[PDB]
Amino acid sequence: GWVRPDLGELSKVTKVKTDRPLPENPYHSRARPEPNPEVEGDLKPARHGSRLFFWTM
Amino acid sequence: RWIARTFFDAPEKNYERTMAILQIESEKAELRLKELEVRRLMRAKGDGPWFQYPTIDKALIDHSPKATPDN
């Protein structure tokens, strides 16, 4: 028997069932260190303008 | 009395002006010293949103099935 595979039927991405489970963290690395605290919310007008030497507001 | 009535100011007016003006500039001085202390600790540890020089953007890191199995 053994029908020859047509060009290009040795292609065409394939499913397969397994028995072992799909892995988490296959790169055997540590966890993520820290997120950055996000600055959100509305903003008020500035406290007394510039707070430089002078030029107050 | 006429000179004080038509030209000059009450000591109440000037006195409360001095007191309000000291309130304003005391706020300014306290905010200025607090600003430089926040800046020095934020440069020292880096936890704040100011001194964050841009690192690698990971959106271009696109994991996919490669050619070689052992990457």
# chains A, B, ... in the order shown; residues from 1 in each chain; ligands from 1
>>> interface_residues(of="chain B", to="chain A", cutoff="10 Å", atoms="only C-alpha atoms", output="count of residues only")
11
>>> select_by_dssp(residues="chain B", states="helix (DSSP H, G or I)", output="number ranges by chain")
B: 2-6, 11-45, 58-60
>>> atom_distance(atom1="atom CA of residue A:24", atom2="atom CA of residue B:70")
17.1 Å
>>> atom_distance(atom1="atom CA of residue A:12", atom2="atom CA of residue B:65")
14.6 Å
>>> decode(residues="stretch 21-44 of chain B", atoms="N, CA, C and O atoms", output="PDB file, in the first residue's frame")
ATOM      1  N   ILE B  21       1.899  86.622  54.697  1.00  0.00           N
ATOM      2  CA  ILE B  21       3.034  86.482  53.802  1.00  0.00           C
ATOM      3  C   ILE B  21       4.044  85.500  54.392  1.00  0.00           C
ATOM      4  O   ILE B  21       4.694  84.738  53.654  1.00  0.00           O
ATOM      5  N   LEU B  22       4.115  85.428  55.726  1.00  0.00           N
ATOM      6  CA  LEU B  22       4.974  84.442  56.357  1.00  0.00           C
ATOM      7  C   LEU B  22       4.392  83.050  56.223  1.00  0.00           C
ATOM      8  O   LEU B  22       5.147  82.084  56.070  1.00  0.00           O
ATOM      9  N   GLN B  23       3.059  82.940  56.243  1.00  0.00           N
ATOM     10  CA  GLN B  23       2.410  81.654  55.989  1.00  0.00           C
ATOM     11  C   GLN B  23       2.734  81.136  54.586  1.00  0.00           C
ATOM     12  O   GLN B  23       3.122  79.965  54.414  1.00  0.00           O
ATOM     13  N   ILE B  24       2.643  82.025  53.587  1.00  0.00           N
ATOM     14  CA  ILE B  24       2.923  81.662  52.193  1.00  0.00           C
ATOM     15  C   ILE B  24       4.362  81.185  52.029  1.00  0.00           C
ATOM     16  O   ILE B  24       4.628  80.089  51.508  1.00  0.00           O
ATOM     17  N   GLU B  25       5.313  81.985  52.493  1.00  0.00           N
ATOM     18  CA  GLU B  25       6.697  81.616  52.241  1.00  0.00           C
ATOM     19  C   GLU B  25       7.203  80.514  53.165  1.00  0.00           C
ATOM     20  O   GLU B  25       8.186  79.845  52.820  1.00  0.00           O
ATOM     21  N   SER B  26       6.525  80.253  54.288  1.00  0.00           N
ATOM     22  CA  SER B  26       6.850  79.063  55.064  1.00  0.00           C
ATOM     23  C   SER B  26       6.430  77.800  54.324  1.00  0.00           C
ATOM     24  O   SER B  26       7.166  76.799  54.338  1.00  0.00           O
ATOM     25  N   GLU B  27       5.264  77.839  53.657  1.00  0.00           N
ATOM     26  CA  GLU B  27       4.894  76.741  52.761  1.00  0.00           C
ATOM     27  C   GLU B  27       5.925  76.543  51.656  1.00  0.00           C
ATOM     28  O   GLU B  27       6.295  75.402  51.340  1.00  0.00           O
ATOM     29  N   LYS B  28       6.417  77.647  51.082  1.00  0.00           N
ATOM     30  CA  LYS B  28       7.415  77.553  50.013  1.00  0.00           C
ATOM     31  C   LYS B  28       8.722  76.920  50.490  1.00  0.00           C
ATOM     32  O   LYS B  28       9.275  76.042  49.813  1.00  0.00           O
ATOM     33  N   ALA B  29       9.216  77.330  51.662  1.00  0.00           N
ATOM     34  CA  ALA B  29      10.483  76.787  52.155  1.00  0.00           C
ATOM     35  C   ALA B  29      10.364  75.314  52.534  1.00  0.00           C
ATOM     36  O   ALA B  29      11.278  74.518  52.252  1.00  0.00           O
ATOM     37  N   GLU B  30       9.240  74.928  53.157  1.00  0.00           N
ATOM     38  CA  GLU B  30       9.059  73.529  53.529  1.00  0.00           C
ATOM     39  C   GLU B  30       8.931  72.637  52.301  1.00  0.00           C
ATOM     40  O   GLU B  30       9.526  71.550  52.257  1.00  0.00           O
ATOM     41  N   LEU B  31       8.204  73.101  51.277  1.00  0.00           N
ATOM     42  CA  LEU B  31       8.129  72.339  50.035  1.00  0.00           C
ATOM     43  C   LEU B  31       9.473  72.255  49.326  1.00  0.00           C
ATOM     44  O   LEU B  31       9.767  71.232  48.705  1.00  0.00           O
ATOM     45  N   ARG B  32      10.324  73.276  49.453  1.00  0.00           N
ATOM     46  CA  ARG B  32      11.613  73.230  48.766  1.00  0.00           C
ATOM     47  C   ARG B  32      12.565  72.226  49.415  1.00  0.00           C
ATOM     48  O   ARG B  32      13.223  71.435  48.712  1.00  0.00           O
ATOM     49  N   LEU B  33      12.629  72.214  50.752  1.00  0.00           N
ATOM     50  CA  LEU B  33      13.489  71.234  51.417  1.00  0.00           C
ATOM     51  C   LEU B  33      12.958  69.815  51.252  1.00  0.00           C
ATOM     52  O   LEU B  33      13.742  68.868  51.060  1.00  0.00           O
ATOM     53  N   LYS B  34      11.632  69.650  51.287  1.00  0.00           N
ATOM     54  CA  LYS B  34      11.050  68.338  51.040  1.00  0.00           C
ATOM     55  C   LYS B  34      11.302  67.873  49.611  1.00  0.00           C
ATOM     56  O   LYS B  34      11.527  66.678  49.386  1.00  0.00           O
ATOM     57  N   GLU B  35      11.317  68.808  48.653  1.00  0.00           N
ATOM     58  CA  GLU B  35      11.652  68.491  47.269  1.00  0.00           C
ATOM     59  C   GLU B  35      13.059  67.932  47.147  1.00  0.00           C
ATOM     60  O   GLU B  35      13.269  66.903  46.491  1.00  0.00           O
ATOM     61  N   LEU B  36      14.040  68.592  47.772  1.00  0.00           N
ATOM     62  CA  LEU B  36      15.404  68.094  47.593  1.00  0.00           C
ATOM     63  C   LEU B  36      15.643  66.793  48.358  1.00  0.00           C
ATOM     64  O   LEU B  36      16.429  65.950  47.901  1.00  0.00           O
ATOM     65  N   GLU B  37      14.934  66.566  49.471  1.00  0.00           N
ATOM     66  CA  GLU B  37      15.083  65.273  50.143  1.00  0.00           C
ATOM     67  C   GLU B  37      14.444  64.136  49.347  1.00  0.00           C
ATOM     68  O   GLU B  37      15.012  63.033  49.264  1.00  0.00           O
ATOM     69  N   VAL B  38      13.270  64.386  48.753  1.00  0.00           N
ATOM     70  CA  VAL B  38      12.640  63.400  47.876  1.00  0.00           C
ATOM     71  C   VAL B  38      13.532  63.101  46.682  1.00  0.00           C
ATOM     72  O   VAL B  38      13.709  61.936  46.303  1.00  0.00           O
ATOM     73  N   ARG B  39      14.167  64.135  46.123  1.00  0.00           N
ATOM     74  CA  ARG B  39      15.035  63.934  44.969  1.00  0.00           C
ATOM     75  C   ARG B  39      16.269  63.115  45.324  1.00  0.00           C
ATOM     76  O   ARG B  39      16.658  62.222  44.560  1.00  0.00           O
ATOM     77  N   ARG B  40      16.864  63.351  46.499  1.00  0.00           N
ATOM     78  CA  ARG B  40      18.079  62.608  46.827  1.00  0.00           C
ATOM     79  C   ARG B  40      17.773  61.148  47.156  1.00  0.00           C
ATOM     80  O   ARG B  40      18.503  60.249  46.715  1.00  0.00           O
ATOM     81  N   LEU B  41      16.659  60.874  47.849  1.00  0.00           N
ATOM     82  CA  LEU B  41      16.340  59.469  48.109  1.00  0.00           C
ATOM     83  C   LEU B  41      15.843  58.756  46.858  1.00  0.00           C
ATOM     84  O   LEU B  41      16.089  57.554  46.691  1.00  0.00           O
ATOM     85  N   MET B  42      15.180  59.479  45.954  1.00  0.00           N
ATOM     86  CA  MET B  42      14.691  58.869  44.728  1.00  0.00           C
ATOM     87  C   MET B  42      15.824  58.588  43.753  1.00  0.00           C
ATOM     88  O   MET B  42      15.751  57.625  42.985  1.00  0.00           O
ATOM     89  N   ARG B  43      16.881  59.401  43.770  1.00  0.00           N
ATOM     90  CA  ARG B  43      18.055  59.043  42.984  1.00  0.00           C
ATOM     91  C   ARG B  43      18.832  57.912  43.643  1.00  0.00           C
ATOM     92  O   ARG B  43      19.424  57.080  42.944  1.00  0.00           O
ATOM     93  N   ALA B  44      18.828  57.855  44.979  1.00  0.00           N
ATOM     94  CA  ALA B  44      19.591  56.825  45.676  1.00  0.00           C
ATOM     95  C   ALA B  44      18.993  55.437  45.465  1.00  0.00           C
ATOM     96  O   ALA B  44      19.711  54.491  45.121  1.00  0.00           O
TER      97      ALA B  44
END
